[PDB]
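When reading the values below, keep in mind they use all heavy atoms of this one structure, side chains included, and skip hydrogens, waters and symmetry mates. Order of listing sets the numbers, starting from 1, for every ligand and every atom in it. The chain is numbered in sequence order, starting from 1.
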Amino acid sequence: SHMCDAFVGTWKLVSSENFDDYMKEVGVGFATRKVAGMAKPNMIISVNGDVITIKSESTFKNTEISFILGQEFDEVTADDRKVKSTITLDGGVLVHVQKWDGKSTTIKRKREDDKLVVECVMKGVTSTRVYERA
Ligand SMILES: C=CCn1c(S)nnc1COc1ccc(Cl)cc1
């Protein structure tokens, strides 16, 4: 009974494009790029009241964020950046902006057919990561 409804569930990574180039743009080092690029995460999304939780479980590094839309929070990313994040809903798309060290990256998550498509942008470099229901 909320529009974030169509994101809720357990999702498994099924394709990725350009993720190595995105990670380079972000500043991820060689060994982390290689190990992280292998990972096939499951993404678990839930909602409880105003609080959204997004968990990522993988061979590389389990993560979990909980947040309220529009309200900034601290996040330690899988690659160990300490970032300040704000997530909003813009026309049905969850828009996640991460700021650190004067840099910014945006991760958009949207439902498209039976997929959840994740677009990660750092400057001119975009990676597209497609998830299907587990
Ligand atoms: C950015 C995309 C969000 N995401 C997806 S989709 N799968 N894993 C992640 C978490 O972000 C990472 C950032 C840098 C590295 Cl090295 C590894 C993961």
Side-chain angles (χ1 to χ4, degrees):
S1 81
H2 291 265
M3 233 262 354
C4 254
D5 280 0
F7 292 101
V8 168
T10 307
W11 299 94
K12 67 176 159 69
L13 185 70
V14 305
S15 68
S16 184
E17 288 290 348
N18 216 44
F19 193 57
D20 190 60
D21 271 45
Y22 171 79
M23 286 188 288
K24 284 184 177 189
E25 208 75 0
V26 166
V28 183
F30 178 92
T32 298
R33 292 199 314 277
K34 295 300 156 210
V35 171
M38 289 295 299
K40 297 281 186 158
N42 304 132
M43 180 168 49
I44 314 115
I45 300 178
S46 59
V47 180
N48 180 331
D50 291 333
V51 181
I52 302 162
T53 302
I54 302 176
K55 306 186 182 188
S56 180
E57 310 198 351
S58 82
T59 42
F60 173 54
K61 188 89 49 180
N62 308 313
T63 67
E64 175 178 337
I65 60 170
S66 291
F67 59 90
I68 297 174
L69 294 169
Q71 301 191 185
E72 182 169 61
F73 59 98
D74 294 314
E75 178 180 8
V76 182
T77 65
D79 58 311
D80 257 337
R81 289 170 286 126
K82 286 58 180 178
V83 307
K84 293 289 182 175
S85 290
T86 309
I87 301 179
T88 58
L89 193 48
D90 173 11
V93 177
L94 282 166
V95 181
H96 179 178
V97 184
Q98 294 179 333
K99 304 294 190 186
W100 75 106
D101 290 352
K103 301 177 190 182
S104 187
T105 187
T106 298
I107 300 158
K108 289 184 182 182
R109 301 175 174 99
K110 64 168 121 163
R111 280 296 311 274
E112 282 184 26
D113 308 307
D114 283 323
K115 295 176 179 146
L116 184 166
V117 179
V118 184
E119 287 172 24
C120 300
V121 175
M122 178 62 187
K123 297 174 294 177
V125 177
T126 302
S127 172
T128 299
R129 292 181 51 102
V130 180
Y131 292 75
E132 290 180 351
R133 284 199 187 275

*For the atom pair OG (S104) and CE (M122), what is the distance rounded to the nearest 0.5 Å?*
7.5 Å
Quick one: which ligand 1 atoms are inside 4.0 Å of a heavy atom on [X]?
{"X": "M23", "value": "15 (C), 16 (Cl)"}
{"X": "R129", "value": "5 (C), 6 (S), 7 (N), 8 (N)"}
{"X": "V28", "value": "16 (Cl)"}

For [X], I'd like to know if atom [atom1] has over 12 heavy atoms of other residues, nucleotides or ligands within 6.0 Å.
{"X": "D5", "atom1": "CG", "answer": "yes"}
{"X": "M38", "atom1": "CE", "answer": "no"}
{"X": "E17", "atom1": "CD", "answer": "no"}

*Among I54, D50, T86, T53, which one satisfies side-chain contact (heavy atoms from CB on, under 4.5 Å) with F67?*
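Considering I54, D50, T86, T53, a side-chain contact (heavy atoms from CB on, under 4.5 Å) with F67 is found only for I54.
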*State, with a plain yes or no, whether a side-chain heavy atom of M23 is found less than 4.5 Å away from one of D79.*
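The answer is no, as the side chains (C-beta and beyond) never meet within the 4.5 Å cut-off.
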*asked:* Does the residue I107 have a heavy-atom contact with ligand 1, meaning some pair of atoms that are separated by less than 4.0 Å?
replied: yes
*Tell me, please: is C120 in heavy-atom contact with ligand 1, that is, under 4.0 Å?*
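The answer is yes: ligand 1 sits under 4.0 Å from a heavy atom of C120.
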Quick one: does [atom] have a protein heavy atom under 4.0 Å from it?
{"atom": "atom 10 (C) of ligand 1", "result": "no"}
{"atom": "atom 4 (N) of ligand 1", "result": "no"}
{"atom": "atom 7 (N) of ligand 1", "result": "yes"}

*atom 12 (C) of ligand 1: which of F60, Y22, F19, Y131 has the nearest heavy atom?*
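Of the listed residues, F19 has the closest heavy atom.
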*Does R81, backbone or side chain, put an N or O under 3.5 Å from an N or O of ligand 1?*
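It does not: no N or O of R81 is found under 3.5 Å from an N or O of ligand 1.
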*Name the closest protein heavy atom to atom 14 (C) of ligand 1, giving the residue it belongs to and the distance to 0.1 Å.*
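Checked against all protein heavy atoms, atom 14 (C) of ligand 1 sits closest to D79 OD1, 3.3 Å.
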*Is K103 salt-bridged to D101, cutoff N-O under 4.0 Å?*
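Result for this pair is no, no salt bridge flagged.
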*asked:* Please give me the minimum heavy-atom distance between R129 and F19, naming the atom from each residue.
replied: NH1-CD2, 3.4 Å
